[PDB]
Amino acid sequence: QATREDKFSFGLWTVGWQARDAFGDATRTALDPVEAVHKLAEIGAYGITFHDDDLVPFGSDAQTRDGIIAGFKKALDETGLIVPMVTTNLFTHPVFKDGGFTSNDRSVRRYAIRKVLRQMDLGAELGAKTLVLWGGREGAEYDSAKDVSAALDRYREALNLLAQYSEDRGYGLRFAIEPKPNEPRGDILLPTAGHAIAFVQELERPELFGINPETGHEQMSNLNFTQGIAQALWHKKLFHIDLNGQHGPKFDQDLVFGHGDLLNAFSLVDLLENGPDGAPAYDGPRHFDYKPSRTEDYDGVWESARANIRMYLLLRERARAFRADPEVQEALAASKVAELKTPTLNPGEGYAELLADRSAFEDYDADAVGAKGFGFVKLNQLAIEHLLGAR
């Protein structure tokens, strides 16, 4: 059973996806935001997220806009759901065909910023703490079409303005850049968790910026999602996370969390939950950015919403048991996993004492050490037996 302390959130665009893919028409009718709010509260979610255009149809008058916001607000009210994050749609409308913030067309860039400032206003009114930015159209199909250097300057220029505004209006938002390697552009700028973290480090107020990595995004490049998250945590830039499934380098599948690379889903939950001193290593929302398969109807939709929560709770339970097992604890010792936490250098030791240590080189028996095994297969087999519920 899911509790509000689990912090499961879903985007309105997930359960609301009508299943219009690149090769066919929608197979499901539109979902009413209010209904979405009641259904999600009912399956155990603690919050909902949305793109401006998901809640208010692009081009709605203020009267309409205002009315929609009012009803949405009531729904949250009655159900107790919160809005931990909001985002802006800078990919759908034809105007953004070459990007929002990095469109070659200057007028588009000015417009994309305005669209976002507005969404920032709504987010602050609803109490959202994080603004996620997915630059889906920032990038190119052809190398000569985009000056990457100029693009990074313009991406930077726009973000610095957004931080200025938030800080000045006192919104207290955190900004999370979401990396993606491709799709819809041939290549997207800031293709991985690594490129997004390096870019953020160059902004004016870098402490307000982090990343929102997505499981399938990193897997589209055949990268290890867990190892990437571990790196993000080391830098302290994991501001939010999108969970879903994918089967390697192919179109973005957005399957239910754990329905793609199951072994990596397990090590991920282990990383987020079996944090230092019992406690999770991560504290924000556990947000599912997935899509109910095109072959399903609304029954299938609610089922898939529950499957995400279910997968996460079953994995947590097995990650917990894994760590708690004295036999795993013995295998961990033999493989020396914790020995990596001991500094390489003795306290106060520098280059000169190290050069003076004959045991670190001149008298070191590399051949003898090179022959001892690490016992890694065995430790790995123990983990899978826990995942399989065989231990």
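Position 1 is the first residue in the sequence shown; the rest follow in order.
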Checklist outcome for this item: Between 152 to 160 and 268 to 276, the record assigns the higher mean Cα B factor to 268 to 276
Item to check | Stretch with the higher entry mean CA B-factor, where the candidates are 113 to 121 and 177 to 185 | outcome: 113 to 121
Next on the checklist: By the CA temperature factor listed in this entry, which of these ranks top: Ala30, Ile48, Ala352, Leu340?
Outcome noted: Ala30
Checklist entry - According to the PDB entry, is the CA B factor of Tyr298 in the bottom, middle or top third of its chain, that is, lowest, middle or highest? => result highest
Item to check | Chain-wide C-alpha B factor ranking for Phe376, given as lowest, middle or highest third | outcome: lowest
Next on the checklist: Using only modelled residues of the chain, where does the Cα B factor of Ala2 rank: lowest third, middle third or highest third?
Outcome noted: highest
Checklist entry - When the modelled residues of the chain are sorted by Cα temperature factor, does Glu204 land in the lowest, middle or highest third? => result highest
Checklist entry - Thinking about Cα B factors across the chain, which third does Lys73 belong to? => result highest
